Structure formats: C-alpha cells, structure tokens
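Asker: whatever this is, show me its structure:
(chains A, B, C, D, E, F, G, H and I, ligands or ions: 3)
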Amino acid sequence: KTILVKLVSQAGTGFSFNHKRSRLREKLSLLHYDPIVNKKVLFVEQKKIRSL
Amino acid sequence: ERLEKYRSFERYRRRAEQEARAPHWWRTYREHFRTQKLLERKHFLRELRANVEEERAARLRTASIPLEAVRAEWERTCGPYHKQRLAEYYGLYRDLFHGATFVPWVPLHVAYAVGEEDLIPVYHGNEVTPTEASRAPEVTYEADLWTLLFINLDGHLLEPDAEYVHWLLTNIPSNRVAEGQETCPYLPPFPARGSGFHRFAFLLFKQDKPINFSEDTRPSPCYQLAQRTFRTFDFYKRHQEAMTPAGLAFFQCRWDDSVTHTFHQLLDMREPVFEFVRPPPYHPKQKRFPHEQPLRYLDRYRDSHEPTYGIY
Amino acid sequence: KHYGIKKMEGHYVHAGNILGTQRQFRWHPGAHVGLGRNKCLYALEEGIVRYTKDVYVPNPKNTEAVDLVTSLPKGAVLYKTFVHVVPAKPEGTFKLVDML
Amino acid sequence: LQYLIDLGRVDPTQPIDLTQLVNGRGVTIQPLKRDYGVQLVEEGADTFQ
Amino acid sequence: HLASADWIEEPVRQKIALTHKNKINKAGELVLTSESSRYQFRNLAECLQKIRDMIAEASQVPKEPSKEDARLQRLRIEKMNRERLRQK
Amino acid sequence: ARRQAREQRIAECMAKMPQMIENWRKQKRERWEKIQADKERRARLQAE
Amino acid sequence: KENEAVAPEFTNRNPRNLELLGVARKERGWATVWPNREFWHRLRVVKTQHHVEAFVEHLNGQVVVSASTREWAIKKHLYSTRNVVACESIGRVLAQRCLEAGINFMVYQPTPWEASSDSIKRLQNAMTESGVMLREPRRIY
Amino acid sequence: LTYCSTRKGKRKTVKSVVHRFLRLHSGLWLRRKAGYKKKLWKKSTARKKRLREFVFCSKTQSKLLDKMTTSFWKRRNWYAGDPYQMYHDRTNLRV
RNA sequence: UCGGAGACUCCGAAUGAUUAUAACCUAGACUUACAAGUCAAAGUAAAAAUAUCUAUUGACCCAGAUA
Ligand SMILES: [Mg+2]
Ligand SMILES: [Mg+2]
Ligand SMILES: [Mg+2]
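Answerer: Numbering: from 1, shown residues only, chains lettered A, B, ... in the order given. Ligands and ions are numbered 1, 2, ... in the order given. Below is the structure in question.
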C-alpha cells in the first residue's frame, strides 16, 4: 500500500503540498514551486497523512 | 508487395510534398486557404575539373567563392525572374497597375546618399529610414528617352487607393538625368506614426518619344498633398502607347524622427498618430441568470469600472 | 460519451468553440485548431469550419509512425481527415488616435 | 447635496449635520438597521460649486 | 508652453523636450491628456502627475538601464541588419 | 515584529537554499550513475 | 487645411506590413502533423542527387527568394555542385538575397538526421554569421 | 417552511440558506462548489481551480431561495468598503 | 455504483507503477434535471511548453489536524 505524506517547503515558508509515495520507498524529496517565495525550492517529507 | 517500400523518410516526404501540390478531386487545404552559350559553360566546367587547387579545396572543404561576381551575373540572367517574384510577393504589380504585371528587364540601381563617404543601396524591399532619405538618392542606370519616379503605394492618408510621389523625372535622355525636366520636386518620405511599414517603390519607364507632360508638372516646391496625389495606373494609361515599364526598385520605410520635421515645417499640417485597434472581444448576449458562471461574469459586461450610486 | 461532430460545415465558430470530441483520432487537428489532452478539438480563431483530407506526414522522432510510413510501398500515399477553421475576421485595423 | 442646496431644503450658511440632513429629508436614516451615519461620495464633484 | 515655462528649470526643459519630443506640439507646448474616469478631478490628477514624473525622471539620472524587452531586442537586430546591408 | 520574524526567517533559509538544491541534485545523479554502472556494463563484462 | 484632412480609418495595403509589425497570423494548429506550420516564412533546403538548393517560402508556399546551385552564375564560380562548402556557399548567397530582399527572420525545422548533417550545420552557421535568424518571434496580441 | 408562525404570525427564514448562499440585490444568488474541500489529493489541478470559484444560481434555484428567505434578506445594505459593492446591479443588459 | 467490449453476454474499479514535479489567473465552449464531471487561447509566473499510461467516482453535516 502507498502512504500519503506531507512535503514541506524547506525555504522556511509554511507552504506544504501532499503527495503519494510507496511505503517501501525512502522519504520523497521533490523540487517544487513555492508561491510565497516565487522561486523553486526543495520540499521534504514531514508527516504521514494516511495510508492509501 | 512487388512495389518497393520507402527505406528513408526523405523520399516519402518528397512524394508527400509532391502530392500536396498535385490537384485532387476531394477538397484539400490549398483550395480552401543560347546553344553556343551552353557550350561555353561546358568548357568552363571542364577547366574547373582540371584545376588541382579546386579539387584540393573541395577535399579540404576550404573552398571560397566571390559572392559579388555571382551577384552581378545573377542579375544579368535570371535577376529579372527573381526580381519579378519579389515585386509579385509585395503586390506592387496589382496595386500600381490595377492587376497588370510587367517583368523587369532593365536593372534599376538606386542608392540613397548618406553624407559623402557612402550611399546606402536601395535593395528591393529593404528597410530604409526616412532620416537617411533626407538627401535625394543618386540614380545610376544604363540607357540610350526614359522616365523614373518614386511612388508611395500605401503612404496616402485621405484616400486609400491614392498615392504620393516624391518626385517624377520625365524625358530623361540616356543615362544622364539632369537634362530631363523634373516635373515634381523631391520631398522627404513622411510615413505617419502608427501606420506600420510603408512600401515605397521606384518605377522606370522606357519612353519611345518625347511627350507633353503639362499635367505632370507641379509647382516647385509643391506642398499640396491633394495636388501631389495622382493615380499611377491612370498616368500609365495616358502614355501607355509610348511608355512601357522596364525597371522596378522598392524599399521599406517606417516612422522616424525626421518625419516630425517634415509634417510641420513645409507640409504645414499636424502630424497624424495612428493606433492599432483589434476587434473587440465577443461574449454571448448577457443573460438575466448567469447559471454556472463565476462571479466575474458581470464584470465582462460592465463598461465603467467606477462605482455609481444613482439616486442616493 | 456523446462523441460527435458538434460543429458541422458552414457553421460560424468562435475562438473557444469545441469542434468535436473523439475517443480516438478519427478527425485530426487542422489549421488554427488546437488539440486537447483528452483529444478533443477546439478552435483558435473565429472562422468557418471546413473538412478536408490531406497527406499525413508524421514527426521523425516517434518510432512507430516512422516505421509504418516506411512500410508503405513507394507508390502508395496515405491520407487523413482534418478539421480546419478559416479565419473570418481581420486581426486588427488602423485608426487615427490623435492629430498632434 | 447640490440639488438639496439649490431648492432651499438645506441652509448652506448654517453648519450642516445629520440633524439638518434628515430635517430637510435629504437623507433617510434607520438606526435600528445598523446605520452609523452618512458617507459622502465622489459622484457629482464636478457640478459641486 | 515649454518656452514660457519659466517655472521649469531651463536645463531640464531641454532634456525633457527631446526625450518626449513626440508629446511636444508643433507650437512647442507640451500636450498631455488622460481619459480614464468620469471625474475631471481624477483625470486632471493624471495630467499633473505625469508632469512631475517627467521632471523627476529628467532631473534624476537612471544610471542602470539593465536589460531590454523583446520589442527593443527585435529593433536592435533590425538596425544591425541594416548596417551590414549598406556595404556600398 | 511577527512580520520581521517571518521575513528574516525566509531570507536565512533562502541564503542556504542553493547549496541544498545542489546536494539534492547530486544525490539524484549519484543514484542514477550507479544504476547503469552494472545495469549493462556489468552484463557486458560478464559476456566478455 | 486641405492637407490636414485625413480619413479616420487607415488602410495599409502592404501584405508584409502586419508581419513586420508582428501581429500577423500564424497557423497554430497541426498538432499531430510535422513539420509545424507556426512560421511566417520557412527556409527549406533540398539536397538532390547532384544539386543542393535552398528556398524561402511564405505560408502560401510561394518562394519569395530562391538560391540554387543549378543557376549558371553560381555553378560557374562553384567547383562541385554538391559539396559541404557548396552548402556553405549557397547559404551565404541566399542570405545576401534575403538581406537585400528585407526578410531577416525565418523558421527552419530540419529533421533529426538533417540537423545532424554537418553541411546543414555549416549552412546554418552561414545564416547566423550573415545575420539571418532561424527563430522568428512569437506573435503579439 | 413556516408560512404563519404562532407567536408573530409571519413567515420564517430557513437558516440553511442564510449559511450557504449570498443574494445580490438584483436577484442573483452566489454559492460555492460542493466538495471544494474534499479529497483534494486525488483531484486534478484544473478540477481544483473550478471548485474554488463562486457560482451563480438558476432561475428555479433563485426562485426557490426567494421563497425560503424573508424580505429582510432582500434589502439594500450600505456597507462601507464592501467587496461586493459593484455586483449588486446589472448593467448593459437588454432582455 | 462506475467504466471497457459484444449484441442482453463477458472484463475490470474503488486505481497502482513511472514519475528531476506540472503555478496562478482568465476569453469561449462540451456535458447535464439538479449536483458532479470535461477541454482551453490570452495574460502572468517558475524554470531551460504537457507527469506517465491503462480507467475510475462518495455530497452536506460533523469530527480531526497545522501556522
Ligand atoms: Mg435607509
Ligand atoms: Mg451542475
Ligand atoms: Mg495562454
């Protein structure tokens, strides 16, 4: 089963977006667009929202 | 099966391109939307083969060619043919002669003088700023009478079909143009701001015999646009018997700083400024109930963006 | 669902009007007709829809299309049906904003 | 405001207040419906002399 | 009238004229208009403010032009193409 | 004060942002390079 | 003043006026069909068995300016009709014809192998150094 | 609906409407898109964009809500700084 | 209940993998009792334009979470 996780902006902003990763994979990290910063930044996994 | 199959995409592309040009009964997108000279060529080619240096350059891919010699030779043989397409593309034939087309035969060379160091050549369709056009261009061509004039196809403002001529030279004897009477004096180009690129063309007509040109003559200087304007097709029609076009050279012009001076100082009119206006956007007729439409639906149909309080 | 030709020939078509929806590439896009991800065809300029059949030349990059084209015999040339929208409006006109 | 002053329903020489607007029926106010007063508006500035 | 605009500093008047010569009328009086409201006051405010901006931009030196937009880039290419074209 | 704390917080992380992005890019390259290290090259060596 | 009188609506008759301005239309369709039709002018170069020719054509397909090695003047001055330098020479010759014509911007979409071709690369290099640009600007609304 | 209430003898507003819909004085009604806060992780970005918008009501739906609300909710409200100030009127509509 | 195929007989689903990660805003339309679900120019913004097939649903209330 796959787990829903919360990827959080590492630029110090509170912006976060939920993505899906496999429970057997390592914590996902994905460059993404932060609206507040108007620049691309790294998003790192913070919490496990649920299992789906 | 027996027929060969394309092994390369290019050959199919050539076949596909050929078919597109070829007519088809079903509706298609296109519908809706001498000998001695040749012998001389063979002798020259044989000389090229013999030349070891040419072979060495080709194998080393270091060969170079003088473009100027080819350019001069190109004008002599098929310049006319290529020049015709250039004029044909720009629609000079249709507008100037009301659909009549004449193949250029006598090369027409005109270059605008810039100071004294050099003079800008009037290449066919090339862009030339009016600022550089301040001085009357130098005209060079070979002749044994002749008439050459500058015509502004779309320059005219009041009347769309009408045109303005910078100057008209008539009864030109041989190459020399000073002897020929100057019916119209030169005026700097004056393309209006915001009217877009203006195509200015030069027409050279062979003159069989001298003809009275009292109508063509204009007061020097003439500052009346209505007096200046005439119809080229009408002018050619009057002298069509003894006048036949042989040389055509045109250039592109746009608004520039020098244009401002011309409009007021001597043209004596306020400069016209034009704005490009696209067709207003289309919306469906406004409904009393804009069901399923976002709240922005109302802002589409409100002309005034400021609050109105009515009776209150 | 309800896949069909919404706009028949001779019908005025506004910018965003959707000409038709197809489950598969029955009708291929034509001039000034964009193609949606769901493969629906939408017009791009105001015009009159006209349907024509033209030679289909695939992009070199895709392998499957190139291989099929090569497999065709030299004489044979394939065709596809296209939907076109002939523009019916001038993009802009010139007006005298002011005389200075 | 100008229309009221023109017809003699407001006395410009005297100071103006909410009482003299209501007295001249220039405005209608309902305190029970959360009215907190009258806001002047920009409509008609050009004609205002 | 710019000539009679004694209130404007004379040196800056020279700079403003040429920079925005297009807005300058034939008589030499700067002509500026705005049409964006139903109230002459707000429309007039636009007219006055543009004068202040013109004076401020002329008085101040914008040392950094930085980069240009697509429109200017196309014009620069056109000018460069013409210069090489005029070999003669 | 909260706005100033907010602003300064973002700036500090943004200053450190370029290095982290490079590190994240480096890891992806490091994973990717190793994937094909033995995906076919090891097979080619075995075939030899 | 008679001169001052001007019609409110101007009608520029130059076909190329709008295109030079940048508001002229482009074919924005043909999503599934290659080559793309998003071009005011397309420069197509055809390599034949013995000759290589380059043609610039408008949307209508009419070749405004054509450069071909088969022409007598070029081939008399050109050693071998088909050669990499010959592609270079025609590129420069076509550029001068394009520059004098006034067409400075075109779109050329070679196929992947055609792009890989050194001669096309060399010919393209001639256009760049000659000032011809192979990328046209996007239409402005 | 209470057509005649015992204590006062008047019609009674349905508060399920007051908490979901906004009436503009012209007669239009505004509403949200059902599910705009639900299962956002499986909705497409275009899908989510549509949901965030405010949508109008039909003639029937508008007629219904006008029967379920009393005249007090159909009056003119002079709120200073109202972000719906411009939308209470219809302009350039012929019909 | 949803959808694929056949002309009622068969197959699947409450999606998983791949994804150097997919913005905002906004003309016109499809579909449709309502509700839901589709496509999208322009403008603007990140970066150096569309995630990849196959196909995939659950309202309101009400409870959870966070800065
Ligand atoms: Mg009241
Ligand atoms: Mg609905
Ligand atoms: Mg867009």
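
Asker: OK, contacts around the closest residue to residue H:56 other than its chain neighbours?
Answerer: Computed as CB to CB, 6 or more residues apart in numbering or on different chains, the closest residue to residue H:56 that is not its neighbour in sequence is residue B:290, at 4.8 Å. For the C-beta atoms, the positions are set from N, CA and C on the backbone; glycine is no exception. Neighbour list for residue B:290: B:297, B:298, H:28, H:56 [criterion: CB atoms under 8 Å, 6 or more residues apart in numbering or on different chains].

Asker: let me know the closest of these to chain D.
Answerer: residue B:298 (20.2 Å; CB to the nearest CB).

Asker: what helix or strand does that closest one sit in?
Answerer: Under the criterion of DSSP states H and E, residue B:298 resides in helix B:297-300.

Asker: contact partners of the top strand by length along chain A?
Answerer: If you go by DSSP state E, chain A has its longest strand at strand A:39-51. For strand A:39-51, contacts defined as CB under 8 Å, 6+ apart pick out A:1-11, A:16-18, A:21, A:23, A:27-34, F:14, F:17, F:20-21, F:24, H:41.

Asker: tell me the buried residues within these.
Answerer: Buried positions within these, assessed by neighbour count (16 or more other CB atoms under 10 Å in any protein chain shown), are A:3-5, A:7-11, A:16, A:21, A:29, A:34, F:14, F:17, F:20, F:24.

Asker: out of those residues, which are close to chain H?
Answerer: Contacts with chain H within the buried ones among the contacts of strand A:39-51, as defined by CB under 8 Å from any CB of the partner chain: residue A:4.

Asker: for chain H, which residue gets nearest to chain D?
Answerer: Counting by CB to the nearest CB, chain H gets nearest chain D through residue H:80, at 6.0 Å.

Asker: doesn't residue D:41 make contact with that residue?
Answerer: No: with contact defined as CB atoms under 8 Å, residue H:80 does not count as touching residue D:41 (10.7 Å).

Asker: tell me which residue is most central in the chain.
Answerer: In the absence of a named chain, this looks at chain A. residue A:7 (1.5 Å; CA atoms, centre = their mean).

Asker: switch to chain E, that's the one I care about
Answerer: Closest-to-mean residue, chain E, CA atoms, centre = their mean: residue E:20 / 2.8 Å.

Asker: thought that one was touching residue E:54?
Answerer: Yes: under the criterion of CB under 8 Å, residue E:20 makes contact with residue E:54 at 6.5 Å.

Asker: OK, contacts around residue B:90?
Answerer: Contacts of residue B:90 (CB under 8 Å, 6+ apart): B:125, B:199, B:201, B:250, G:14, G:15, G:16.

Asker: circling back to that earlier point, chain center to the helix or strand where the residue nearest to the centre of chain A lies: distance?
Answerer: Per DSSP H and E: residue A:7 is located in strand A:2-9. Relative to the chain's own centre, strand A:2-9 is displaced by 4 Å; criterion: CA atoms, centre = their mean, to the nearest Å.

Asker: tell me if it is near RNA strand I.
Answerer: Yes: applying CB under 7 Å from any atom of the strand, one finds strand A:2-9 touching RNA strand I at residue A:2.

Asker: closest residue of chain D to chain H?
Answerer: For chain D, CB to the nearest CB, closest residue to chain H: residue D:39, 6.0 Å.

Asker: now that residue: closest residue in space that isn't a chain neighbour?
Answerer: residue H:80 (6.0 Å).

Asker: picking up where we left off before, tell me the buried residues in the longest strand of chain A?
Answerer: Buried-residue list, strand A:39-51, by 16+ other CB under 10 Å: A:41, A:42, A:43, A:44, A:45.

Asker: likewise stretch B:175-195?
Answerer: Under 16+ other CB under 10 Å, the buried positions of stretch B:175-195 are B:177, B:180, B:182-184, B:186-195.

Asker: does it come close to chain G?
Answerer: Yes: Stretch B:175-195 reaches chain G (CB under 8 Å from any CB) through B:192, B:195.

Asker: quick revisit: how about the residue nearest to the centre of chain E, what does it touch?
Answerer: So, once contact is read as CB under 8 Å, 6+ apart, residue E:20 ends up touching E:30, E:54.

Asker: one more time with 10 Å
Answerer: By CB atoms under 10 Å, 6 or more residues apart in numbering or on different chains, the contact set of residue E:20 is E:30, E:32, E:50, E:54, E:57, E:58.

Asker: what do you get for residue D:20?
Answerer: D:9, D:10, D:11, D:14, D:26.

Asker: narrow the residues you listed to those that are buried.
Answerer: Neighbour-count burial (16+ other CB under 10 Å) applied to the contacts of residue D:20 gives D:10, D:26.

Asker: which one among the contacts of residue D:20 gets closest to residue G:109?
Answerer: Among the contacts of residue D:20, residue D:26 lies closest to residue G:109 (CB to CB), at 73.1 Å.

Asker: can I assume that closest one is in contact with residue D:10?
Answerer: Yes: between residue D:26 and residue D:10 there is a contact under CB atoms under 10 Å: 6.2 Å.

Asker: mutual contacts of the two, please.
Answerer: Between them, residue D:26 and residue D:10 share the contacting residues D:1, D:3, D:4, D:16, D:20, judged by CB under 10 Å, 6+ apart.

Asker: looking at chain A, which residue is nearest chain H?
Answerer: In chain A, no residue comes nearer to chain H than residue A:18, which is 5.0 Å away by CB to the nearest CB.

Asker: confirm that that residue sits in a helix.
Answerer: No: the assignment for residue A:18, made by DSSP: H, G, I helix; E, B strand; the rest coil, is strand rather than a helix.

Asker: how close does it get to residue H:33?
Answerer: 20 Å (CB to CB, to the nearest Å).

Asker: excluding chain neighbours, what is closest to the most centrally placed residue in chain D?
Answerer: Taking CA atoms, centre = their mean as the criterion, residue D:21 is the residue nearest the geometric centre of chain D, at 4.4 Å. Nearest residue to residue D:21 in three dimensions, chain neighbours excluded: residue D:27, at 4.7 Å (CB to CB, 6+ apart).

Asker: isn't there a helix covering the one you found?
Answerer: No: per three-state DSSP, residue D:27 lies outside any helix segment and is coil.

Asker: say whether ligand 1 is contacted by whichever strand or helix holds the residue nearest to the centre of chain D.
Answerer: Under the criterion of DSSP H and E, residue D:21 resides in helix D:18-23. No: residues of helix D:18-23 are not located near ligand 1 by CB under 5 Å from the ion, the shortest gap being 10.8 Å.

Asker: separation between the residue of chain C found nearest ligand 1 and chain A?
Answerer: The minimum distance from chain C to ligand 1, using CB to the ion, falls at residue C:16 (44.2 Å). For residue C:16, the distance to chain A equals 27 Å [CB to the nearest CB, to the nearest Å].

Asker: looks like that residue contacts residue C:40 (just checking).
Answerer: No: here residue C:16 lies out of contact with residue C:40, judged by CB under 10 Å, at a distance of 11.6 Å.

Asker: residues shared between the contacts of these two?
Answerer: residue C:34.

Asker: who's more crowded, the two?
Answerer: When residue C:16 and residue C:40 are compared on other CB atoms under 10 Å in any protein chain shown, the one with more neighbours turns out to be residue C:40, at 15 against 10.

Asker: for the more buried one, give me its contacts.
Answerer: Contacts of residue C:40 (CB under 10 Å, 6+ apart): C:3, C:6, C:18, C:19, C:20, C:21, C:22, C:34.

Asker: let me know whether the residue of chain A closest to chain H touches residue H:41 as I believe.
Answerer: Yes: between residue A:18 and residue H:41 a contact is recorded at 5.0 Å, counting by CB under 10 Å.

Asker: so which residues on chain D come close to chain G?
Answerer: Within chain D, no position lies close to chain G (CB under 10 Å from any CB of the partner chain).
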